[PDB]
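J.: just need the structure, nothing else, for what follows:
(chains A, B, C and D, ligands or ions: 6)
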Amino acid sequence: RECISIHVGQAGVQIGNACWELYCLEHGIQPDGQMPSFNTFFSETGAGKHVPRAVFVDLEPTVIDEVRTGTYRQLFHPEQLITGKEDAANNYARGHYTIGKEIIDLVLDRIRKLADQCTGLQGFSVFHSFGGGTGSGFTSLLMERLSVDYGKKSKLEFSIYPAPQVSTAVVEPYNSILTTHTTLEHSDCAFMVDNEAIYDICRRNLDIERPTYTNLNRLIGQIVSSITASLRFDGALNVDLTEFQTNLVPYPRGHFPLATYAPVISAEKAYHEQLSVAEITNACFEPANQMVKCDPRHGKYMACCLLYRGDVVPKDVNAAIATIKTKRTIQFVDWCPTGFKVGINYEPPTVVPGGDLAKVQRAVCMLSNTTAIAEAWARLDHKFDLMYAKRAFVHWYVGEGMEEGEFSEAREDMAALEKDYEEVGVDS
Amino acid sequence: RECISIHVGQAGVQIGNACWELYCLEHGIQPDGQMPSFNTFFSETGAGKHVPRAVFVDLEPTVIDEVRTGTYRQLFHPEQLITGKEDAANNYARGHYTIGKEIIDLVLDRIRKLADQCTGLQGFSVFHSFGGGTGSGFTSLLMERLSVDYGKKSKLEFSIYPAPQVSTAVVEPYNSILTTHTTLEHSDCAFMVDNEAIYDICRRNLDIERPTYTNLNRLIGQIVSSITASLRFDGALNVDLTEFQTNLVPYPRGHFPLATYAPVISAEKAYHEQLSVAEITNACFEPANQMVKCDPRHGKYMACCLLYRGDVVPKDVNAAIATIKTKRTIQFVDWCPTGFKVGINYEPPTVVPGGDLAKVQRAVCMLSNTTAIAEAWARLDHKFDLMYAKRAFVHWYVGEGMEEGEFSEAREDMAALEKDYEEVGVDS
Amino acid sequence: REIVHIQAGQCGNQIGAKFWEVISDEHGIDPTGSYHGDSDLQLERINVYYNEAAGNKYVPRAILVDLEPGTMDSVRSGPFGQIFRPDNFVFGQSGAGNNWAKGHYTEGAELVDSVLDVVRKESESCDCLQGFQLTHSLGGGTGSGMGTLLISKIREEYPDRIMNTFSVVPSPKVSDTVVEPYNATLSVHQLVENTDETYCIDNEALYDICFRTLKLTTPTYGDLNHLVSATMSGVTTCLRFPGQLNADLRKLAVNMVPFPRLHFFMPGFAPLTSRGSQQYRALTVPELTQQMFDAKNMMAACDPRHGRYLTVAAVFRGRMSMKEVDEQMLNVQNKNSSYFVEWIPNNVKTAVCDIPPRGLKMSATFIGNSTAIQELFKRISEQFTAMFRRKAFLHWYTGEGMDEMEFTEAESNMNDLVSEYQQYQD
Amino acid sequence: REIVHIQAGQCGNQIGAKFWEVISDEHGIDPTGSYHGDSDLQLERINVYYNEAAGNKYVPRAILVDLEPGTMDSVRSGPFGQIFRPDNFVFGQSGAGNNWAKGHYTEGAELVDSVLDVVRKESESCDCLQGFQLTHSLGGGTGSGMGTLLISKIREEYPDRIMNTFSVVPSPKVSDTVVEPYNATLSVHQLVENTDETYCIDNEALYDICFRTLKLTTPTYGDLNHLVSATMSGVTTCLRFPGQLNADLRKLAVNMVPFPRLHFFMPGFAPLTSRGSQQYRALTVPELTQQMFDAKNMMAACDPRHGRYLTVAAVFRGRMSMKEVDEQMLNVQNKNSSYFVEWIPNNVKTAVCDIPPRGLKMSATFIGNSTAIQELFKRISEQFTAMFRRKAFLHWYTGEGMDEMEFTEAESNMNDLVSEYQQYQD
Ligand SMILES: Nc1nc2c(ncn2[C@@H]2O[C@H](COP(=O)(O)OP(=O)(O)OP(=O)(O)O)[C@@H](O)[C@H]2O)c(=O)[nH]1
Ligand SMILES: Nc1nc2c(ncn2[C@@H]2O[C@H](COP(=O)(O)OP(=O)(O)OP(=O)(O)O)[C@@H](O)[C@H]2O)c(=O)[nH]1
Ligand SMILES: Nc1nc2c(ncn2[C@@H]2O[C@H](COP(=O)(O)OP(=O)(O)O)[C@@H](O)[C@H]2O)c(=O)[nH]1
Ligand SMILES: Nc1nc2c(ncn2[C@@H]2O[C@H](COP(=O)(O)OP(=O)(O)O)[C@@H](O)[C@H]2O)c(=O)[nH]1
Ligand SMILES: [Mg+2]
Ligand SMILES: [Mg+2]
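T.: Numbers count the residues shown, from 1 in each chain, chains lettered A, B, ... in the order given. Ligands and ions are numbered 1, 2, ... in the order given. Find the structure here:
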């Protein structure tokens, strides 16, 4: 019943920092590993120290060093903290090939070591970003190997969705297009969120006009914990990760369920307001709490999964579902009946001490696969096209051995993906 | 039930220094011999002083003087400390013949004296190095006599394997080739380790980038103690030295089992990590802990012996074996079924105060005979050949009475040995 | 004379957790295993569900099956998880994930051999089996997938024993698995012809009852599965305990099945009302019959007055007159003659037990076989078709080797049950 | 009426350490040697294994043999090492090193003369010997090597006494000596025709049982040899103590050997389950028979249902009905008729003792002679051949004078046992 977390790149690792901090908060784990009390994620020592079963990869020493100098440096095993010396430079060509390919063997052997520590490997999940060099480059490299060795294990990916308006990486389209090509075909499911959309959540629901990544990742951590800690904890409907895959992936392509999370409420907003299960789920179908800037009303739904924490009575859930099925404007694709996975944990929602979110007594996470995602690809299509037509920055990949045909090909694979969304949109 | 240790040359003696220090650590033996408490190695006096049954030979006063001025000078009997005045000069021709042959009679008589002190001589083992003058020269001279007098006793040799990259002895190939010729035929089994490989162990598992010989020999001492102290101590499966020979030597040639040792872990690496018997043995089949730079995956296995210390339950061992037999890529020679000797001592693993290795609760030593050893000979073949073709340094042997034909012959004997490995590799 | 019960899937395991609790309540058996009752009857017929182990320990004759230790552990952790012996916990490691193919066709198939071995060990422990009962979900991976596989083998070994099962039927509103109708379709394909009878439980209907008549605002599955166990326990106790009528499960099966293929049941239960009204209720046979006939007290999301009634069983617990029961059943038949099928004269049959359920003076279990059942099949079949055309999640299933033509035949078979209900709906 | 036991090899010496412990437990004899029991029977038949020395000291009628004082010393150092007299410790100095040639052919041969002299002294001390028993490993130097030599001489001196031995058979996974199959091959060559019967113990199987049914995660050899001693002690106590059936070792041998050469046995033992389940177990004759028949409760890594059963002995300890035993054995014969050999009508034989093993109400020992045994021989023979061709470690053996043609004949003889099992497998 075990799983592995993999943190690649800054985004992967810094999100991971929040994630493991939250898992410590879930059980009262001390920075040194001492836990007085979740062995699905952790491995126990004779001292009662538990080791989070995870791998941290950075090709630049700095971020891992940040871990190594922080409080959780005692928690993590030195072998889990893997670092190279040089970067990918925002570039798949080095991340996947030239540079990252050198260290990956080590990385894999640490993974395999942990796989041998697992007794019942259920699977794993990889945290990264769609635009970066290691964030997406190295990441796909890893998938190429992991899908061989662990072909039957859960291969869930979580990635930051490139913001349409702000991006620090000029060749991000190129990176992301190459990842599509290689991840679609290897991964089982990839989830993503938009930091821009999140900012809007922070300013509207948390009332914060100063979000940093350390805020943004707390919110992400919430979502992740709902599906990682609480799915291993007790509930009414205990849903596994393999079950998630078995209930969220409808086609052999990928699919890309997007996250939505409600409650996201400031402490003051929690006052004077009573949420019910149904009210929280109402919020879950509002564009306003959509974690990716993509309009839910534009597309049609294919999948939807609702996962519940704390004070949730199935009775209320059932009523809530009835209304979301019938009251809303949620259009859905023919193919699908509304079999929405309901996970119901008794495990209460948790809050980070010193965080922004209010203590809540119940909480709902929503995953959804909508046809509007093709518009996200359309965004990438043109951004890629523009650059590629001019061949701007192309020498930074070509010099590492990339082929122009390959890039065209990858775009075409994306186009095919868009076409399949088109297909799904056609009802039948 | 007694045995004799023989330390020839610096390498032999300095390793011995670590070895006898460890035996003192095993029982709380004071530098003066006072032991408050292993008489298989030691001889008791009426004062309760025990004398380590060993002979120290150096043809240069200095190293023995180092012993004579150290703390263990009180431990050793002055007659055990044998020294000449002049050296072999890196040269078999003087070590075996011209110089060492003069003192050897004394040496033998001290050995015989100890043999008479033994009541049930089980056998003995000789510590030396394959490249040096006394280290290999004198050593083989000794074997020539010991194999006559003690023909039925254990003749185990331990020698430093010449590092392929660093060697301080330009005629080491020549020395080692001559030893092959004379040791193969006389000895029963010779074990060897590579200081270069060890450095890699020190830097990767102990995390030490400054190993000296005094570190390197501690690690060697660990391995030796597992097979010397703990084989005389109590266990489940008490394995003797003669049993070792009877379980490790498959052919009448020699054979050369190589050492592998796992756990080799720094104190910090021990934290946050729980080793099991099985996990330690997994490490034992990793190239990474191979004490000789020779790739385990290259050759095929012929013999393998696993010796256990401390908290080892046969139950777990059995499971571990099952997986190494079936999970690994360990190819093995037809001839052999997998009858791997399991020695299981209850005697816990010991650690040198102020050493580098972490306190462990269990430990496993591995001996193995792989066909990859022929590559080691190939290394020697060409190194010898190059020198011999030019006849570089040849006058330093010829002037002592060596014959060129002899040198050719010795090479040919090595070639024959390689051919026999070839033979074994052919499965049948 | 004895029964073996096998639970499977998270649903089945949690339902059974309540079922066995109740059975031990019925007999005064402590959560730790020993008997501390107080009635002769409590031990007298205990054999049907318990083996008395040395020390006056009673072992529930059931096997708990899953592919995840954690669910099993949670069951074991509560009272009555201690009464089960470790040998009745048969489980693997790695889920099924609600995948029929894994459950039935491939991986779960592997476990079934160990399950069956234990089954055999228990079949030997019994003197004479009456039958077997299984608890599971129709749209679940181990519930239906693996469970079905097991059933086909048990039936093979014991053609002469009763094979029935109770199963959670996908409610129109709450499906969890996207292919829940697919799993259900496949289970019909396999189960219907490999079972003597199956019961149709709808959680949605159950949630309506709990608020509709019981007026409760906090139920959980344990509270709803209590209601489920009330019907299950209702059936077998009579068989166990002294009564007036005819108290044999097989005879029930005989009276309720007019045709080899149409054996689906709609359970209902009386009395079943909130405490407030309990001060305003009268306890008579007509009172129970009013609650029994009323469709809202059915546990299946069907409507018996929409379809036609083929067979009705009315089981009564507690002291009642024969006259009153006879007359009220007749009255029911008379007044609802428009729903009954004309081919079966006096289509309402009764069974009477003189032992009331603990805490009540009287109670009744409604078992029906209507044509209305076909509506559930129709809903599933339709949903199935849509998914079938798209192959939603079928790569998971076809990836594990499930062939689409097998599914095609499954679809037909669903449609066949509907057409046969139409054939006898007239 | 009496038995002499000789232990040899590190294995044999450590097994015997537990065996004798148990025997003294059975009779209430203290680790220091005196009798402090409390039952009449405890002293009554003590003669079979003990000599009462002056002072009410009991001397175990056994010889401890090794070629290394240290093992002997470790035995002597524990409780019950004090009960053995110094004269029963016969050992040399310098190992054998797990070398048959040394053990049998050369060096160990030298010691055997002193061993035998003590044997003779004990044979005189007995009134009337029933037989001898030896404990050893098949692939060991002194265990098999020297031990075999001794056996050939004892048999020579006493053709009319029972000669049996229990031996550790090289498990498929854990061989220690590279030529362990060689030593075993040679021991077959010598032992089979120089013994009345031999028992096949597989440590691997034992490790499975200890975790499989006993659910233990810490055993050592002392815990597994406890299980071994349970079977050994099970056999002889009945012979010693009052029972119902036929309690003579020779008669056991007669009933279990249909053919002069096929006398290999598969021991098994019941009850043999973890404490958790002990609260859920019932103690009946069928319960014991279920555990006895089940191959997983065999101590030999064989599978009796793969082969055919030639003979089965069921020994029972404690009060049981004759009827029940008869019926359940019949049932076994009936239900597993596909494994039994048709030439022997009623191939399952019983023996019944009324004394239970200390702490249990009842127990049973399974002894079988199947054809499945041949599979072990096949594994060894094959491994042997490979080594034979290469002469692995045979320079050690040929260096001590062992000739390859003798080994060749040994190989044939192994193959002969297999062919004879095939000849009666049919
Ligand atoms: N949510 C979130 N997004 C982040 C975080 N750090 C970076 N990102 C986003 O991820 C992308 C940045 O990737 P980089 O940091 O440039 O690169 P990398 O993927 O770590 O790998 P390299 O390019 O080789 O350094 C941008 O789109 C950022 O907006 C973080 O902590 N949280
Ligand atoms: N592990 C280990 N190797 C050593 C040690 N001392 C020397 N060596 C190695 O053994 C070889 C050196 O042999 P020398 O010290 O030159 O010579 P010797 O064998 O003592 O004899 P002479 O040549 O006559 O002085 C080199 O390959 C060294 O790397 C030591 O303390 N430990
Ligand atoms: N009444 C009832 N239904 C349940 C329970 N658990 C899951 N279910 C239903 O079972 C279906 C899901 O199948 P599940 O039991 O998870 O399948 P499995 O565990 O993979 O075999 C849904 O329709 C749920 O409403 C329960 O404890 N009681
Ligand atoms: N059951 C069991 N097997 C043992 C014991 N000791 C050694 N063995 C087995 O005996 C074989 C080794 O032979 P060994 O007894 O060392 O030979 P010897 O001592 O030279 O006669 C291996 O297969 C071991 O598993 C023991 O105490 N109990
Ligand atoms: Mg970076
Ligand atoms: Mg020197």
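
J.: got a list of what the spatially most central residue of chain A touches?
T.: Against the mean C-alpha coordinate of chain A, by Cα atoms, centre = their mean, the closest residue is residue A:158 at 2.5 Å. Neighbouring residues of residue A:158 by Cβ atoms under 8 Å, 6 or more residues apart in numbering or on different chains: A:15, A:125, A:126, A:127, A:128, A:190, A:191, A:192, A:224. C-betas here are computed from N, CA, C, even on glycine.

J.: make sure I have this right: it is in a helix.
T.: No. Counting by DSSP: H, G, I helix; E, B strand; the rest coil, residue A:158 is not part of a helix but strand.

J.: and residue C:258, how many residues sit next to it?
T.: The local packing of residue C:258 (other Cβ atoms under 10 Å in any protein chain shown) involves 16 other residues.

J.: grab the nearest non-local neighbour of it.
T.: Nearest residue to residue C:258, sequence neighbours excluded (Cβ to Cβ, 6 or more residues apart in numbering or on different chains): residue C:310, at 5.7 Å.

J.: check residue C:126 too.
T.: Residue C:126 sits nearest to residue C:2 (Cβ to Cβ, 6+ apart), 4.3 Å away.

J.: list the contacts of that neighbour.
T.: Counted by Cβ under 8 Å, 6+ apart, residue C:2 has contacts C:47, C:48, C:49, C:61, C:126, C:127, C:128, C:129, C:130.

J.: look up phi and psi at the third one.
T.: According to degrees, to the nearest 10, the main-chain angles of residue C:49 amount to phi -120, psi -10.

J.: that one against residue C:59, yeah?
T.: No. With contact defined as Cβ atoms under 8 Å, residue C:49 does not reach residue C:59; the gap is 9.4 Å.

J.: which one of the two has more residues nearby?
T.: Comparing residue C:49 with residue C:59 by neighbour count (other Cβ under 10 Å), the higher total belongs to residue C:49, at 26 against 22.

J.: how about the more buried one, what does it touch?
T.: C:2, C:3, C:5, C:23, C:60, C:61, C:62, C:236.

J.: wait, the fifth one sits on residue C:23?
T.: The reference is to residue C:60. Yes. Using Cβ under 8 Å, residue C:60 is in contact with residue C:23, at 7.4 Å.

J.: which residues does the residue nearest to residue C:126 bridge with?
T.: Counting by DSSP bridges, residue C:2 is bridged to residue C:129.

J.: quick check: it vs ligand 1, distance?
T.: Counting by Cβ to the nearest ligand atom, to the nearest Å, the separation of residue C:2 from ligand 1 is 61 Å.

J.: what's the answer for residue C:409, then?
T.: From residue C:409 to ligand 1 the distance is 50 Å (Cβ to the nearest ligand atom).

J.: can you pull the contacts of the nearest residue to residue A:61 once chain neighbours are set aside?
T.: Setting aside the residues directly before and after it, residue A:61 is nearest to residue A:83 in space (Cβ to Cβ, 6+ apart), at 4.8 Å. Taking Cβ under 8 Å, 6+ apart, we find residue A:83 in contact with A:57, A:58, A:59, A:60, A:61, A:64, A:65.

J.: what about the first one, which SS state?
T.: Think residue A:57. strand.

J.: re earlier: nearest to chain C, of the contacts of residue A:83?
T.: Distance to chain C, by Cβ to the nearest Cβ, is smallest for residue A:57 among these, at 26.6 Å.

J.: I'd say that closest one and residue A:10 touch.
T.: No. With contacts counted by Cβ under 8 Å, residue A:57 stays clear of residue A:10, the gap being 10.5 Å.

J.: looking at these two, which one has more neighbours?
T.: residue A:57 (30 against 20).

J.: please name the bridge partners of the more buried one.
T.: residue A:8, residue A:82.

J.: for it, give its distance to chain D.
T.: Distance, residue A:57 to chain D, using Cβ to the nearest Cβ, to the nearest Å: 36 Å.

J.: go on, residue C:387?
T.: 44 Å.

J.: how near is the residue nearest to residue C:258 to residue C:376?
T.: 15 Å (Cβ to Cβ, to the nearest Å).

J.: and if you look at residue A:425?
T.: To residue C:376, residue A:425 is 30 Å away according to Cβ to Cβ.

J.: comparing these two, which residue is more hemmed in?
T.: residue C:376 (23 against 17).

J.: so which bits of the host helix or strand of the more buried one are buried?
T.: Taking DSSP states H and E as the definition, residue C:376 sits inside helix C:374-390. The neighbour-count check on helix C:374-390 (16 or more other Cβ atoms under 10 Å in any protein chain shown) flags C:374-377, C:379-381, C:383-384, C:386-388, C:390 as buried.
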